[PDB]
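Report on the structure given below.
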Ligand SMILES: CCCCCC/C=C\CCCCCCCCCC(=O)O
């Protein structure tokens, strides 16, 4: 299952290409400006087979709870209503969001104790690095 090394509180220390990733999602300028300034905390916890991923920032908070491999309804930080699935692949916690015939993926993996999130849509790739708090 998911490594217990994912569990805990993570703080964003680096973000590369987030603006173009948000543009690809259809996020408007004012929102992108605040999104680029945000340095969120991400909290990953588990209760039984239910994993919760909570994101906290001054601008927006989000929270998803899911079982691996089972589709769930998600509301994203930019208020998309998606159908999402999280899978485990070679230690990587991989989230796919689908809405209106579109798709984006967020792959979270542990690298030397950091969590690295790779966000992909329409060939635009964003990398966000988090440190454990
Ligand atoms: C990080 C999301 C909350 C704070 C920023 C919200 C600003 C704009 C909403 C549009 C961004 C939606 C995509 C967020 C992807 C975050 C991936 C990650 O966990 O690093």
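Along the chain as shown, residues are numbered 1 onward.
Heads up, header says this was done by X-ray crystallography, 1.5 Å.
Each Cβ is built from the backbone N, Cα and C atoms, and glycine gets one as well.
Sequence annotations record features per position, and here Swiss-Prot assigns hexadecanoate binding site to 108, 128, 129, 130 based on experimental evidence. Under the heading (9Z)-octadecenoate binding site, Swiss-Prot lists 108, 128, 129, 130, citing similarity to another entry as support. Marked as disulfide bond by Swiss-Prot: 119-126. If you look up Swiss-Prot, you'll see 3 marked as N-acetylserine, on the strength of experimental evidence.
Features recorded in Swiss-Prot, as mapped to the structure shown.
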residue	record	Cβ within 10 Å
3	N-acetylserine	11
108	hexadecanoate binding site	22
119	disulfide bond	22
126	disulfide bond	19
128	hexadecanoate binding site	21
129	hexadecanoate binding site	15
130	hexadecanoate binding site	21
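Considering only the recorded positions 108, 126, 128, 129, 130, the residue whose Cα is spatially closest to the Cα of the residue listed as 'N-acetylserine' is 108. Taken residue by residue with DSSP, the residue listed as 'N-acetylserine' is part of neither helix nor strand, so it is coil.
The Cβ centroid of 108, 128, 129, 130 marks the hexadecanoate site; residues of that chain outside this set whose Cβ lies within 8 Å of it are 10, 12, 14, 42, 114, 115, 116, 117, 127, given in sequence order. With a CB cut-off of under 6 A applied against ligand 1, the recorded positions 3, 108, 128, 129 are reduced to 128. Taking every pair among 108, 128, 129, 130, the residues recorded as binding (9Z)-octadecenoate, the greatest CA to CA distance is 10 Å. Secondary structure at residue 128 (hexadecanoate binding site), as computed by DSSP, is strand.
A distance of 12 Å separates the Cα atom of residue 126 (disulfide bond) from that of residue 108 (hexadecanoate binding site). Between the CA atoms of residue 130 (hexadecanoate binding site) and residue 119 (disulfide bond) there is a gap of 14 Å, rounded to the nearest whole number. Recorded residues residue 108 (hexadecanoate binding site) and residue 119 (disulfide bond) have their alpha carbons 9 Å apart, per Cα-Cα distance.
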